[PDB]
Amino acid sequence: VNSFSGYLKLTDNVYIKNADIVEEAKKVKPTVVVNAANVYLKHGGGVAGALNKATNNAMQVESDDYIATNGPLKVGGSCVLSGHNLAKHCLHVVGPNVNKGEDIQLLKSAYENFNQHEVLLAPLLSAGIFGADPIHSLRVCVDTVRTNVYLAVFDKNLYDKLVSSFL
Ligand SMILES: OCC1(Nc2ncnc3[nH]ccc23)CCC1
Ligand SMILES: [Cl-]
């Protein structure tokens, strides 16, 4: 039993809800919140900009030190950093950004990072301003993640469309 509330159950381990991931994280304070990151951990917009804003820029400060030490992530890769006031940990995961010409096949690799954590709150990777089809992202999530994932989906038209089209 966990404290996630109001989710629709899609499969044994995947759940989905129309929600602002920032507001969800503050309420639940999950062990792991997933950020829709880029390789530079520059949290400007989309989910990343919203999460970082909610941390009063502490996420960005921590991220800049991480990059200065370790260099950029790989597309499809991840790192674990602090969750600040939102979660115990933040798993920064880089899905491919179609508006940059990045290979969509890397979306499966990106979701594989979720399997290192028993329970996660997360957005749909490569959706939103990363330019991929959210229906496709949901399919890859369901077919790749085996741990318990709670998917937030801020946009309402996307959520109903995602629920109504799910196979
Ligand atoms: O899930 C991916 C999508 N973006 C978000 N989801 C959940 N919470 C969010 N907060 C800010 C952006 C955001 C892209 C379409 C939904
Ligand atoms: Cl977005």
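Structure determination for this entry, per the PDB record, employed X-ray crystallography and reached 1.0200 Å resolution.

Visitor: Can you walk me through the packing of helix α5 (residues 134–144) against helix α6 (residues 156–165) in this structure?
Guide: A pair of packed helices can be characterised by two numbers: the angle between their axes and the separation between those axes. Where α5 contacts α6, the two axes come as close as 10 Å, and the packing angle between them is 55°. On the basis of their axis angle, the class for α5 and α6 is oblique. Of the two elements, α5 crosses α6, and the hand of that crossing is right-handed. Of α6, the residues touching α5 (which contributes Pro-134, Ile-135 and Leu-138) are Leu-158, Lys-161, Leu-162 and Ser-165.

Visitor: Looking at this structure, I do not really get the site of ligand 1. What am I missing?
Guide: Neighbouring ligand 1 are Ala-19, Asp-20, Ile-21, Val-47, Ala-50, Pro-123, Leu-124, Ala-127, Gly-128, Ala-152, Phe-154 and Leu-158. Between an oxygen atom of ligand 1 and a main-chain N or O atom of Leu-124, the distance comes to 3.2 Å. Contacts to ligand 1 include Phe-154, whose backbone N or O atom sits 3.4 Å from a nitrogen atom. Across the complex, the protein chains shield 86% of the 380 Å² of accessible surface that ligand 1 would expose by itself. Split by residue class, the shell around ligand 1 holds 10 nonpolar, 1 polar and 1 charged.

Visitor: Mind showing me how you'd approach the nonpolar core here?
Guide: One recurring pattern in soluble globular proteins: nonpolar side chains tend to sit buried together. By size, the foremost hydrophobic cluster in this structure holds 27 residues, and its most contacted members are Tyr-111, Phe-114 and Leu-151. For this core, the leading source of residues is α5, giving 4 residues. Filtering out sequence-adjacent residues up to four positions away, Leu-151 remains in contact with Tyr-7, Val-14, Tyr-15, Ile-16, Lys-17, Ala-122, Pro-123, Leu-124, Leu-138 and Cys-141. Formed by 17 residues, the second largest nonpolar core is a distinct cluster that contains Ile-21, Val-28, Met-59 and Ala-87.

Visitor: How should I be thinking about the packing of aromatic side chains in this particular structure?
Guide: By convention here, two paired aromatic rings are described through the distance between centres and the angle between planes. Enumeration according to the criterion identifies 5 aromatic pairs in this entry. When the ring of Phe-4 is compared with that of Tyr-7, the centres are 5.7 Å apart and the planes differ by 90°; the resulting orientation is edge-to-face. Neither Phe-4 nor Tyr-7 differs from the other in exposure class; each is buried. Chaining the aromatic ring pairs together yields one cluster made of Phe-4, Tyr-7, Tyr-15 and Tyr-150.

Calculation criteria
- Residues numbered from 1 in each chain as written, not as in the entry; some residues may be left out.
- Chains lettered and ligands numbered in written order.
- Heavy atoms only, no water.
- Axes fitted to C-alpha atoms, helices over the stretch in contact; angles between N-to-C directions.
- Helix = DSSP H or I, 4+ residues; strand = E, 2+ residues; numbered from the N terminus.
- Parallel < 35°, antiparallel > 145°, perpendicular 65-115°, else oblique.
- Left-handed = near helix turned anticlockwise from the far one by under 90°.
- Contact = heavy atoms within 4.5 Å.
- Near = heavy atom within 4 Å.
- Polar contact = N/O pair within 3.5 Å; in protein donor to acceptor, adjacent residues only side chain to side chain.
- Areas by Shrake-Rupley, 256 points an atom, 1.4 Å probe, with all protein chains shown as cover.
- Nonpolar A, V, L, I, M, F, W, Y, C, P; charged D, E, K, R; others polar.
- Core = buried A, V, L, I, M, F, W, Y, C linked by side-chain atoms within 4.5 Å.
- Buried < 20%, exposed > 50% of the residue type's maximum accessible area, 1.4 Å probe, protein only.
- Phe/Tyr/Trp six-rings, centres within 6.5 Å; stacked < 30°, edge-to-face > 60°.

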